[PDB]
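Quick reminder, even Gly has a Cβ in these numbers, built from the backbone with ideal geometry, and neighbours come from all protein chains shown. No value in this document is a laboratory result; all are computed from the given coordinates.
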Amino acid sequence: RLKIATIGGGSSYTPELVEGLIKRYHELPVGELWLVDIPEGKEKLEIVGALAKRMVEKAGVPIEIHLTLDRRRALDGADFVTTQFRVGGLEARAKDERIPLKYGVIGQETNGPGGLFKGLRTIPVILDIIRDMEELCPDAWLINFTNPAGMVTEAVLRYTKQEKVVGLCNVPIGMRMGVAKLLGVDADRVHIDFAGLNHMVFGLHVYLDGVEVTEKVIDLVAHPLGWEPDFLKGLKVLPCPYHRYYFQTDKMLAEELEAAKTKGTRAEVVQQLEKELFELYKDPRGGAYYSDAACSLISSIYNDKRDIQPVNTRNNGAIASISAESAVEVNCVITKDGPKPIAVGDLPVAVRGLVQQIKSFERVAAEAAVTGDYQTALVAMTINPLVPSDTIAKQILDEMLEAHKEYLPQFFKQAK
């Protein structure tokens, strides 16, 4: 029987996870689910932890929900470890989204400066969790939701001996559901060869009942978002929503500026929503299907299903332009020995440059996250496609370094 530790127990999406485990309990004999968090979020943990208890006993499914702020207890003998935490909270995210806007640069949680700083905040903690796992549970799988999930995965591959790693993304499922709605068909009739990186993923080929309908779908997509039809038809593959930061950069910067000055940035909007939702969890959607994909992956691993899922894993040559050591997001066969990537060959020339830039970014950013080397951080910032110059790169870097002092132990060793 299985013990599953979830770091970031105090999260809004926690019910989605337990719901997932409830759905799959016949397949997944989860004996105990340990929900762990830190002192500064134990109200959120006890609120969602309690709903989780109602849900499982109401559904008559015998997972023991354990709540703790001591993750060594949760990790002790775990079979799977999931990460769904936010370092610095939504207030740290708000700084990521606001600071770069001043400079006329994209401010977003996983793209641009803010994705750099999210990585810098997150991976030190992931490196810590791995230190604990290489002892309390050296056999366990690390299943990472926590963002920049591609950069996170990269660091674990390069700076760690944890070969049992997978990164989840929710974009591929959104795209499958999108193309299906467009085609006016149930999603189980749609398959997509996904390839690229996390939040940097293309639909190279779309199939309907196993027969290729890519061109057909591309005609639909531009004609019923907001792609130039001839660009999309010229491209011959399906971009994900995150490609708008790179191919529609002016549009995304305008949205951000607008949001910042009206509704609030995404983190400020997410904050309002999160507050009026813990209040819902007090006594007896859209946003993310993350834990759905996590549950599918865990179940497939545990059961050796060998069904196909898009996940983040070690390339091992599935994409020729990407190092064998690096993380890619591709369709994989999910075995009990882990995800087995399906050969892609390489990305089309058209998009191969963009993915190589992001990879370059991911690799230099992940290095800076582990070393805390300032010059290295400045290079990461400067080479990012969304940063105009070295001058601006330094300005943002120095302001954000200072803004996130408390959450940057590799850069600031200080006070607690």
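Just to be sure I understand: of the beta bridges DSSP finds with both ends in the chain, what percent are antiparallel, rounded to 5? Provide the component values of the computation, followed by the final result.
On the way: 25 of 48 bridges.
Restricted to the chain, the bridges split so that about 50 percent are antiparallel.
Please say if the chain is rounded, prolate or oblate, where rounded means a/c under 1.5 for a ≥ b ≥ c the square roots of the C-alpha gyration tensor eigenvalues, and otherwise the choice is prolate for a/b larger than b/c and oblate otherwise? Write down the numbers at each step before the final one.
On the way: a/c = 1.39, a/b = 1.09, b/c = 1.27.
Rounded is the answer for the chain, as its axis ratio a/c remains below 1.5.
Please work out whether region 273-416 counts as rounded, prolate or oblate from its C-alpha gyration tensor, where a ≥ b ≥ c are the square roots of the eigenvalues and a/c under 1.5 means rounded, while otherwise a/b larger than b/c means prolate and anything else oblate? Don't jump to the answer; show the numbers that get you there.
Details: a/c = 2.09, a/b = 1.18, b/c = 1.78.
In terms of gyration-tensor shape, oblate.
Please rank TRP34, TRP227, fewest neighbouring Cβ atoms within 10 Å first, as an exposure proxy.
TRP227, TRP34
Could you state the principal axis extents of the C-alpha atoms in region 1-167, from the largest down, to the nearest angstrom?
54, 34, 28 Å, listed from the longest principal axis down.
In debye, nearest 20: dipole of region 65-161 around its Cα centre with unit charges on the Cβ of K, R (+) and D, E (-)?
Rounded to the nearest 20 debye, it is 460 debye.
Which far-off residues, 5 or more places away or on another chain, put their amide H under 5 Å from the one on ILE65, with H placed in the peptide plane?
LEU33
Going by amide H atoms built from the backbone, whose H comes under 5 Å of the H on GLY196, apart from near neighbours?
So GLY196 has HN proximity to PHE202, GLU329.
Sorting check: for 129-136, 191-198, 379-386, which peptide has the highest mean count of neighbouring beta carbons within 10 Å, and how do the rest follow?
Final packing ranking: 191-198, 379-386, 129-136.
Quick one: if you stick a label point 7 Å off each Cα along the C-beta vector at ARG352 and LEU273, how many nm between them?
With each label placed 7 Å out from Cα toward Cβ, I get 3.8 nm.
Under the Karplus relation 6.51 cos²θ - 1.76 cosθ + 1.60, θ = phi - 60°, what is the ordered set of whole-Hz ³J(HN,Hα) values for region 389-404, x standing for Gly and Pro?
The phi angles translate into 7, 4, 4, 5, 3, 4, 4, 4, 3, 5, 5, 6, 3, 5, 4, 10 Hz.
So in region 168-416, what percent of DSSP beta bridges are antiparallel if you round to the nearest 5?
Expressed as a percentage, antiparallel bridges in region 168-416 total about 95.
Given the Cα-Cα distance of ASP398 and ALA288 and 0.36 nm per residue of separation, how much length would full extension add, in nm? Please report the intermediate quantities before stating the final value.
Values: separation 110, 0.36 × 110 = 39.60 nm, distance 3.23 nm.
Taking 0.36 nm per residue and subtracting the Cα distance, the gain is 36.4 nm.
Taking neighbour Cβ counts within 10 Å as the exposure measure, how do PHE247, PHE361 sort from fewest upward? Mind showing how you got there, number by number?
Details: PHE247 16, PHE361 29.
Listed from fewest to most nearby Cβ atoms, that is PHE247, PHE361.
Could you state the number of Å between the C-alpha centres of region 284-304 and region 121-178?
Here the two parts' Cα centres lie 15 Å apart.
Starting from the Cα gyration tensor of region 168-416, take the square roots of the eigenvalues, sort them a ≥ b ≥ c, and report rounded, prolate or oblate (rounded when a/c is under 1.5, otherwise prolate if a/b is larger than b/c, else oblate).
Cα axes put region 168-416 in the rounded bin.
With each run of n ≥ 4 DSSP H residues scored as -39500 (n - 2.57), what mean residue ellipticity at 222 nm is computed for the chain after dividing by its residue count and rounding to the nearest 500 deg cm²/dmol?
The helix-only estimate for the chain comes to -14500 deg cm²/dmol at 222 nm.
Treating the beta-carbon of each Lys and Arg as +1 and of each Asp and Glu as -1, no other charges, what is the dipole magnitude of region 23-110 about its Cα centre, to the nearest 20 debye?
260
What net charge is computed for the residues neighbouring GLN248, neighbours being all others with C-beta under 15 Å from the C-beta of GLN248, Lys and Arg scored +1, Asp and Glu -1?
-4
Based only on other Cβ atoms within 10 Å, what is the fewest-to-most ordering of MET177, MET55?
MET177, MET55
Mind listing the long-range amide H neighbours of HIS205? Cut-off is under 5 Å, sequence gap 5 or more, other chains count too, H placed in the peptide plane at 1.01 Å from N.
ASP193
Where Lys and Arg each count +1 and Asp and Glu each count -1, what net charge lies around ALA369 among other residues with Cβ under 13 Å from its Cβ?
My count for the surroundings of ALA369 gives -1.
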